[PDB]
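Those protein sequences? They're chains A and B, same order as listed. Okay, so the first sequence: first residue is 130 according to the UniProt record's numbering, each after it adds one. Okay, so the second sequence: first residue is 32 according to the UniProt record's numbering, each after it adds one. The block underneath contains the structure these notes are about, expressed in structure tokens.
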Amino acid sequence: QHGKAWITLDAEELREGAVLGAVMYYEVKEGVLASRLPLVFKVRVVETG
Amino acid sequence: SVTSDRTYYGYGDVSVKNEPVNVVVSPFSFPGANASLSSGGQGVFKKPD
Ligand SMILES: [Ca+2]
Ligand SMILES: [Ca+2]
Ligand SMILES: [Ca+2]
Ligand SMILES: [Ca+2]
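Quick look at the structure:
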């Protein structure tokens, strides 16, 4: 539902190597059987300094 | 017997050779060396001479 994130990094977080892991909490709809479903996230750099 | 035309002369010269100033330029290549300028970046660049 809520599709946008706004993660922002500053001078301490960049200066140590910024890793962004993922933690996913999931419940598969009842009875659905798939293979190799894609998940695509658009990374926009909106403002840098 | 002669009626002298009474006129004697003095003279001098003025030498204006150069222009008042020499604006020696040593241009700046501001991304510099061992530095980096990125898109959207913000900062300062200094050239003493
Ligand atoms: Ca921080
Ligand atoms: Ca000159
Ligand atoms: Ca900027
Ligand atoms: Ca900067």
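Positions of the beta carbon are idealized from the N, C-alpha and C atoms, including for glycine.
Would the C-beta of residue i count as close to ligand 3, meaning under 8 angstroms from any of its heavy atoms?
i: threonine 137 of chain A; result: no
i: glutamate 159 of chain A; result: no
i: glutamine 130 of chain A; result: no
Under 9 angstroms Cβ-Cβ, which residues of chain B neighbour residue i?
i: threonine 177 of chain A; result: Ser69, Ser70, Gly71, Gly72 and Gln73
Answer yes or no: the CB of residue i versus the heavy atoms of ligand 2, is any distance below 8 angstroms?
i: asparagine 49 of chain B; result: yes
Following a CB-centred definition, is residue i positioned closer than 8 angstroms to any heavy atom of ligand 1?
i: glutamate 156 of chain A; result: no
i: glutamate 176 of chain A; result: no
i: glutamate 142 of chain A; result: yes
Ligand 4 heavy atoms versus the CB of residue i: any closer than 8 angstroms?
i: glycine 63 of chain B; result: no
i: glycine 146 of chain A; result: no
Does the structure place the stretch 158 to 165 of chain A close enough to the stretch 53 to 62 of chain B that three or more beta carbon pairs sit under 8 angstroms? No: the two stretches stay apart, fewer than three of their Cβ pairs being nearer than 8 angstroms.
Please enumerate, following chain order, all residues with a beta carbon closer than 5 angstroms to at least one heavy atom belonging to ligand 3. Cβ atoms closer than 5 angstroms to ligand 3 belong to A:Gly178 and B:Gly71.
The stretch 170 to 178 of chain A contacting the stretch 61 to 78 of chain B, beta-carbon criterion three pairs below 8 angstroms: yes
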